[PDB]
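Residue numbers (the deposited numbering), protein chains in the order written: chain b, 1 to 47; chain W, 6 to 81; chain M, 1 to 136; chain O, 2 to 117; chain 8, 27 to 183; chain 1, 3 to 52; chain F, 1 to 177.
Right, one structure below, let's go through it.
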Amino acid sequence: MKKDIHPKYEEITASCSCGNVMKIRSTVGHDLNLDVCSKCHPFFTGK
Amino acid sequence: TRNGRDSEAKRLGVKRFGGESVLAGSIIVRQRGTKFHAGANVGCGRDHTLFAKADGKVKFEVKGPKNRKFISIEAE
Amino acid sequence: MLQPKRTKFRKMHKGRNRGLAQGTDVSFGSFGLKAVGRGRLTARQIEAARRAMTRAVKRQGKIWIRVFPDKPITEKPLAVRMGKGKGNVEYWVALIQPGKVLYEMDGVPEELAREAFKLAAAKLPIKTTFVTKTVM
Amino acid sequence: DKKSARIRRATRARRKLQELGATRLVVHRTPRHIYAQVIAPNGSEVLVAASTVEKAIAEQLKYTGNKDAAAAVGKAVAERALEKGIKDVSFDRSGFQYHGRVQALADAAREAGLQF
Amino acid sequence: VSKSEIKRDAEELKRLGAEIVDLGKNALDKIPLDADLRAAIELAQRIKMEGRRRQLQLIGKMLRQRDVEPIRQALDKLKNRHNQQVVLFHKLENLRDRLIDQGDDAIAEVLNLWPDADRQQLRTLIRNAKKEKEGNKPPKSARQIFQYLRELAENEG
Amino acid sequence: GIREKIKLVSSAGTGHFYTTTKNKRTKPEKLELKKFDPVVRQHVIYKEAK
Amino acid sequence: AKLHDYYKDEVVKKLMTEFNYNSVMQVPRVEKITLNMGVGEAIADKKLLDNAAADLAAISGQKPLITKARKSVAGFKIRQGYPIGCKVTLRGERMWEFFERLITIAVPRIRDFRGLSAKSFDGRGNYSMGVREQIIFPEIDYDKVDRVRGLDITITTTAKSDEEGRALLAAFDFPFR
RNA sequence: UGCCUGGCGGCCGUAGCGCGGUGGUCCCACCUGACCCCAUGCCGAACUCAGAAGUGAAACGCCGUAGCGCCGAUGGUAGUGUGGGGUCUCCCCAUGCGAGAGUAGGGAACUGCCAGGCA
RNA sequence: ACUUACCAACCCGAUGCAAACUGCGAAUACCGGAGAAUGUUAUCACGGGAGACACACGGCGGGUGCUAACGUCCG
RNA sequence: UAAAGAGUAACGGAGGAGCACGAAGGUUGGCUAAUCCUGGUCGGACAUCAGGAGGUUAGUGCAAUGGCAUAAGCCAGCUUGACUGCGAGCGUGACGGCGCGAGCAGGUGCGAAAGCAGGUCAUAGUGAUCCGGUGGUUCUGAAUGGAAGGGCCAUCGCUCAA
Ligand SMILES: [Zn+2]
């Protein structure tokens with residue numbers, strides 16, 4: 001990895017409204033507000 | 006279509022055959038492309054005109070994995 | 001009449017009619033016509049020979065063609081001295097060497113084959129002969 | 002291919018040295034231990050060959066393939082090539098960039114007193 | 027399309043270049059000629075006759091590779107042979123009596139169309155022009171009126 | 003034709019110059035090129051590419 | 001590398017119990033992630049490609065690369081060497097980090113989502129997507145977008161069959177078709 | 001000095017392609033840890049590193065398989081140098097050189113130097 | 001989704017042709033070396049003096065022409 | 001055409017050139033396409049591709065040919081050897097001329113080095129002499145010293161195109 005050419009790599013704490021708190025390698029900013037997640041998602045019930 | 010014209014075909018081709026002795030610096034074959042590649046003690050000119058680098062007799066060999074005709078000279 | 005629609009060059013050298021045959025044996029039908037003389041066949045002669053034999057053979061069976069024009073020739077216009085380029089476009093011809101098959105036949109008995117080939121042999125400017133397919 | 006790529010890129014020097022008619026020092030890298038050979042100008046025979054596989058040098062080093070150990074195998078092959086009388090070799094890139102563990106291979110031979 | 031068609035076109039350009047060298051130094055600066063070409067012109071007349079041919083070969087050489095119409099068109103005005111030049115002088119004198127006899131109704135067109143006209147000096151010139159004609163004096167200043175309009179005709183600057 | 007023949011004069015005090023051709027229309031910038039100069043027996047910069 | 005650990009502790013042993021592979025490392029592994037981008041018209045506005053690269057720089061942790069035209073075509077007004085699109089390659093720990101963002105938040109946020117495709121296979125076992133409205137990602141702000149764009153994400157796998165991807169994505173937990 | 005592996009060469013398909021089997025102590029290729037030495041118009045697939053935990057999956061080596069590629073006779077035929085002849089737009093005769101393509105057949109390589117491991 | 005006495009891209013097996021095509025490939029010609037025999041050195045370098053630079057026909061392999069020509073141009 | 005050394009004509013068949021490049025040269029390092037299959041979004045018969053039979057049928061500034069994988073094809077750093085005086089030797093022409101050119105002295109660029117670089121993959125992109133411009137040469141300077149002028153070298157000076 002080369003410095004000064006790639007964006008920031010700051011640690012953030014994301015959490016959906018369901019209650020799933022996880023640390024995601026991203027560049028959103030100070031915080032990451034979410035509404036859905038891999039779990040608690042009504043995909044296996046709609047089908 | 007206003008034809009009837011041609012260029013002066015200059016003197017190319019195999020011109021120093023194998024088995025004869027030549028003096029260093031003498032050209033062997035004048036060719037357009039690399040029909041014959043330079044081999045042992047043989048240099049390639051600017052226009053692919055092969056020239057000898059040492060005194061001896063020219064011999065023709067077909068070397069290389071691609072079956073390419075090489076030109077080499079041995080000291081006599 | 002018969003002629004290729006596209007040609008690599010508008011005209012080709014005259015050429016020569018020297019050499020031996022290639023298609024000595026028929027490999028498509030049972031009966032065929034083989035040229036014995038040496039000469040040239042034009043588009044009209046090929047068309048005339050095929051038309052003449054077609055009226056003698058019923059649709060039953062099969063007909064093959066082994067001759068193509070493949071050769072262009074030009075003619076010089078009137079009141080023109082030697083030079084002024086090559087000739088103008090009139091018609092084309094084909095090269096024929098004695099020994100190769102001209103037409104191939106199958107599907108009807110030999111007696112009709114003899115009659116059909118005899119009618120088409122006269123309109124051909126060369127002497128021909130009849131052959132029968134052999135094993136291998 | 003992985004092997005064909007380096008083979009085809011290294012024959013440019015192979016033809017050049019063969020035309021020059023001079024001996025060449027060829028080395029190929031292996032992720033565990035490194036060899037080292039010296040080739041006669043004819044190419045049909047070798048003159049001196051010394052690698053790190055031999056247990057004589059395989060007991061005075063930390064890891065078989067590394068820059069620190071490359072200066073030992075390079076010096077060893079150069080040391081036993083001095084009594085041969087060649088006094089001169091020509092290095093070959095052999096399809097590998099000239100930086101890393103190959104640095105100490107040539108540097109040790111150069112430091113030992115080989116003119117290349 | 028034809029090698030000899032280019033030849034007569036090139037030869038026609040050659041005699042045009044031979045006309046430039048046969049033109050006086052005072053009128054030579056009038057045409058918008060580049061310095062590189064201009065410097066070759068002065069050496070052309072002072073060279074010996076055989077060198078004139080070589081100079082003519084030179085003058086033709088770099089004159090073909092650039093555009094020729096503005097040079098030919100500008101040469102035509104100096105020779106006064108282009109049709110637009112002579113009519114331009116016709117209207118240039120056509121606005122004289124339109125201005126020298128009134129002095130106020132003709133200046134509007136000049137200033138409206140040409141923004142480089144110095145109306146401060148033009149009115150004074152007409153004042154003198156009216157004075158000399160009214161006092162039946164020789165027209166010692168009428169000539170200068172035409173020079174100013176002619177000078178401003180080709181972007182005096 | 004379109005090309006303009008130019009002369010490259012040594013940046014030193016000597017008058018030795020080299021002849022070459024550059025298209026001024028596409029490359030109007032002056033060249034910054036150095037070439038061997040026999041009179042000074044060294045390498046000197048050449049400039050003023052018309 | 002929380003998915004890489006998840007790959008190591010559960011995925012590897014599940015497949016040997018399914019396809020009885022002789023070698024433990026014979027099981028295919030992820031190699032790299034491909035994000036392919038293409039503007040509507042490169043010649044119309046070069047800033048669109050620059051903005052597209054910026055958006056790809058936001059979605060990924062590294063600056064993306066600009067691709068040149070493969071070959072000029074005279075009938076479609078495309079010249080050789082002209083920048084025609086943007087791309088980025090992710091390798092190392094980037095596959096596992098980027099993969100979670102896709103399946104945990106990105107795909108579930110797709111509007112009118114009923115299931116990712118189960119047929120887009122090349123015949124060897126590499127699995128390809130093309131998705132619209134990349135605005136679902138949180139890195140790309142909804143106010144700074146100039147137009148509606150897209151993204152092409154493909155997986156690289158050493159699998160020798162399409163049926164083997166069925167098992168691998170099942171371990172990676174793609175929901176359904 | 002016998003077997004296996006690796007490197008550099010001789011020759012350039014009887015030297016390869018495809019299919020099946022075989023190999024991990026040793027020699028090889030993937031795979032790990034990633035402040036640096038090497039620098040980008042773009043990440044450690046693919047070239048640079050400080051490590052042997054796993055695997056021989058891919059590749060590589062070896063063996064068989066004549067499916068393909070390839071070599072290739074003998075005879076025959078076309079062609080042709082020389083001289084003669086014919087019904088001379090083209091052929092024949094005496095002699096010499098002898099095709100291409102195809103068939104039988106061969107063919108799953110051989111060899112030099114050096115190093116390492118097993119006897 | 002069905003059908004048709006219409007046409008057909010591509011591939012496959014076979015058959016041809018090509019001066020401007022050669023995955024093949026002669027005989028002769030040409031270059032060089034070695035050798036027995038023969039040939040008034042017939043070989044080469046230099047000097048003196050020239051002539052000539054309008055060719056025709058026949059055979060062979062060709063271009064043009066209709067392999068039309070006591071036809072033209074080629075070796 | 002052209003008949004397997006070279007060369008070989010015709011109102012024989014097809015064509016191109018009078019430029020360009022200070023990078024499109026050198027060195028060093030690196031890489032290898034057309035066409036088609038599957039998948040993939042605006043996107044279509046190219047947009048860039050992930051996986052594939054092909055190691056050049058792609059490309060090689062331009063017409064054609066012969067070559068090009070050690071790539072001469074493609075990308076990046078440095079770069080001026082596109083240098084000065086030469087140059088044994090060879091080839092082509094009757095000759096003027098033209099081309100190849102190992103190697104020497106000096107100073108350079110590339111890479112660590114071995115080495116390469118006296119232009120562009122090559123074959124057309126050109127013009128001999130006489131006479132003109134510039135610079136250098138105290139080379140000469142029609143009594144002496146200069147000067148004028150002349151000579152030599154490089155240099156731009158042709159549609160001298162018959
Ligand atoms: Zn949730």
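Heads up, the beta-carbon is just placed ideally off N, CA and C, and yes, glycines get one too.
Q. Among all the DSSP beta bridges, which residues are the ones paired with residue 179 (chain F)?
A. Absent from the structure is residue 179 (chain F), since the part of chain F shown begins at 1 and ends at 177.
Q) Where does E46 (chain O) sit, in a helix, a strand or coil, going by DSSP? A) coil
Q: Mind checking the stretch 77-95 of chain 8 against chain 1 and listing, in chain order, the residues whose C-beta falls within less than 9 Å of any C-beta there?
A: Residues passing the 9 Å Cβ filter: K87, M88, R90, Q91, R92.
Q) Which residues bound the alpha helix (DSSP H) around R92 (chain 8)? A) Note, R92 (chain 8): premise wrong, no alpha helix (DSSP H); not H, not E.
Q. Mapping DSSP to helix, strand and coil, what is residue 92 (chain W)?
A. Not covered by the structure: residue 92 (chain W). The range shown for chain W is 6 to 81.
**Q.** Environment of ligand 1 in chain order, Cβ to heavy atom below 6 Å
**A.** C16 (chain b), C18 (chain b), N20 (chain b), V36 (chain b), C37 (chain b), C40 (chain b)
Q: Kindly indicate which three-state DSSP category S52 (chain O) falls into: helix, strand or coil?
A: coil
**Q.** Residues within the stretch 108-127 of chain F neighbouring chain b, beta-carbon criterion of under 9 Å
**A.** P108, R109, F113, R114, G115
Q: Return the Cβ separation of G125 (chain F) and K160 (chain F) in integer angstroms, given the expectation that the two are a contact with Cβ distance under 8 Å.
A: 6 Å
Q. Taking buried to mean at least 16 other C-beta atoms within 10 Å of its own C-beta, is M25 (chain F) buried or exposed?
A. By the 10 Å Cβ count, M25 (chain F) comes out exposed.
Q | Rounded separation between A44 (chain 8) and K11 (chain M) - CA only | A | 50 Å
Q: Determine the closest residue to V57 (chain M) out of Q3 (chain M), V135 (chain M), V131 (chain M), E110 (chain M), with distance taken between C-alpha atoms.
A: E110 (chain M)
Q: Compare the C-beta of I8 (chain 1) against all C-beta atoms of chain 8 and say whether one is closer than 8 Å.
A: no
Q. What does a CB cutoff of less than 7 Å around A155 (chain 8) pick up in its chain, not counting 5 residues either side in sequence?
A. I126, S167, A168, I171
Q) Just by C-beta distance, which residues in the stretch 59-77 of chain F are closer than 7 Å to chain b? A) Result list: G61, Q62, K63.
Q: Mind listing, in chain order, the continuous alpha helix (DSSP H) runs of no fewer than 4 residues lying wholly within the stretch 59-116 of chain O?
A: 68-83, 102-113
Q) Leaving out the 5 sequence neighbours to the left and right, which residues in its chain are closer than 6 Å to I59 (chain F) when beta-carbon positions are compared? A) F137, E139
Q. So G86 (chain O) and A110 (chain O) are in contact, right, with Cβ under 8 Å, and what is the actual spacing, rounded?
A. At roughly 16 Å, the Cβ-Cβ gap does not stay under 8 Å, so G86 (chain O) and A110 (chain O) are not in contact.
Q) From this set, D5 (chain F), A74 (chain F), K14 (chain F), which residue's C-alpha is nearest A170 (chain F)'s C-alpha? A) For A170 (chain F), the nearest C-alpha among the options comes from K14 (chain F).
Q) Who are the near neighbours of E31 (chain F) in its chain, counting only those whose CB is closer than 6 Å to its CB and skipping five residues on each side? A) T156
Q: Tell me whether the beta-carbon of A43 (chain M) lies closer than 8 Å to the beta-carbon of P69 (chain M).
A: For the pair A43 (chain M) and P69 (chain M), the CB atoms are nearer than the 8 Å cut-off.
**Q.** Distance, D123 (chain 8) Cα to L175 (chain 8) Cα
**A.** 13 Å
Q: Please go through the same chain and pick out, in chain order, the residues whose beta-carbon is closer than 8 Å to the beta-carbon of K32 (chain 1), but skip the five residues on each side of it.
A: Cβ within range, chain order: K49, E50, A51.
Q: Give the DSSP-derived three-state secondary structure of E68 (chain 8) in the structure shown.
A: helix
Q.
Short of 7 Å Cβ to Cβ, which residues in the stretch 16-43 of chain b face chain F?
A. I24, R25, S26, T27, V28, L32, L34, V36, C37, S38, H41, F43
(Q) In the DSSP assignment, the beta strand (DSSP E) including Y142 (chain F) goes from what residue to what residue? (A) Where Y142 (chain F) is concerned, there is no enclosing beta strand (DSSP E), given that its DSSP letter is neither H nor E.
Q.
Please tell me whether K3 (chain b) has its Cβ less than 8 Å away from any Cβ of chain F.
A. no
**Q.** Alpha carbon of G44 (chain O) to alpha carbon of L21 (chain O), nearest angstrom
**A.** 12 Å
**Q.** Residues that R101 (chain F) contacts on chain b, provided the C-beta gap is smaller than 9 Å
**A.** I24, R25, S26
Q.
Between which residues of its own chain and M16 (chain F) is the CB-CB distance below 8 Å, once the five residues before and five after are set aside?
A. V24, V27
Q) If you check the beta carbons only, do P141 (chain 8) and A100 (chain 8) fall under 8 Å apart? A) No, the Cβ-Cβ distance between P141 (chain 8) and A100 (chain 8) is not below 8 Å.
Q: Examine chain 8 for any beta-carbon lying closer than 8 Å to the beta-carbon of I4 (chain 1), and answer yes or no.
A: yes
**Q.** Classification of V90 (chain O) by the beta-carbon crowding that lies within 10 angstroms, buried from 16 upward
**A.** buried
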